[PDB]
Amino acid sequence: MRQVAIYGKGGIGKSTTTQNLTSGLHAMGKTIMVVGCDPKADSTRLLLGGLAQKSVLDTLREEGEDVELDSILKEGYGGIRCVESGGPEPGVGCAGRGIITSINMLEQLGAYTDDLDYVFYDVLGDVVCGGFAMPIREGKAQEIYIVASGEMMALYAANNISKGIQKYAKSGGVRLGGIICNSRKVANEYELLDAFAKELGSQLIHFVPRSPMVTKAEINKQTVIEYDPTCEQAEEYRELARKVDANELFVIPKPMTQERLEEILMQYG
């Protein structure tokens, strides 16, 4: 079973990419589980159709000790099994800690079934603290893909995420499978991202194009593959899916200095 995690700054469509990627993997005959660990994004909404399914932390406080799997895991588009961690008690508590609670409650309720081809953790990368690195540090996530756009703050976060990955790439076997560009503009910043990823010693595994369809599917609470399998954008996601599935490039990333960041920005951005 591939235990993948998608990290990246908020505000750049990271959860939408993660969800769309799974439909692409489903289009390949894959059995997949998705676990949202992003208190700022609905991680399974495009897969379950507008249903902001109830979180694990929320189910506990009501289903208490007798919680049943089917309450926390809902089957979405194409059979993709969907779950949501739920955030930290506002102002107290640790998101990282609650992502741990949920994951352990999943194993405990036997959610990690031998038919799983994939499990994805959609993790917020705004704060790259020990709380958000929980899935990597605990061995839950071995293969990470970072989502970034050709903007400084998304590149900075990606670099930072790689710093955290790097620290665990040793004791554990977590590695970076690649960077995914979520084009946020008409300016195809393919070259910046490609340079940024190669500099880490990784690769731009796929460049997700700016499309007005992502927005339609989204309004309609669906992934582009559920909403309209025939468009170009649908093929984009199928292509991202196949490259992740076929991927053999797994590395201990080499973070860059801020200065190096700036140089890449100038030379390729």
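A residue's number is simply how far along the shown sequence it sits, counting from 1.
- Stretches 19-27 and 256-264 differ in mean C-alpha B factor, with the higher average recorded for 256-264.
- Stretches compared: 158-166, 88-96. Higher mean C-alpha B-factor in the entry: 88-96.
- The PDB entry gives the largest Cα B-factor of the residues 199, 115, 143, 122 to 115.
- Among 148, 174, 129, 111, the highest C-alpha B-factor recorded in the PDB entry belongs to 111.
- When all modelled residues of the chain are sorted by CA temperature factor, residue 182 is found within the lowest third.
- Per the deposited record, the Cα B-factor of residue 211 falls in the highest third when ranked against the other modelled residues of its chain.
- When the CA B factors of the chain's modelled residues are split into thirds, the value for residue 80 lands in the lowest one.
- When the CA B factors of the chain's modelled residues are split into thirds, the value for residue 45 lands in the middle one.
- In the deposited entry, the Cα temperature factor of residue 243 sits in the middle third of values across the chain's modelled residues.
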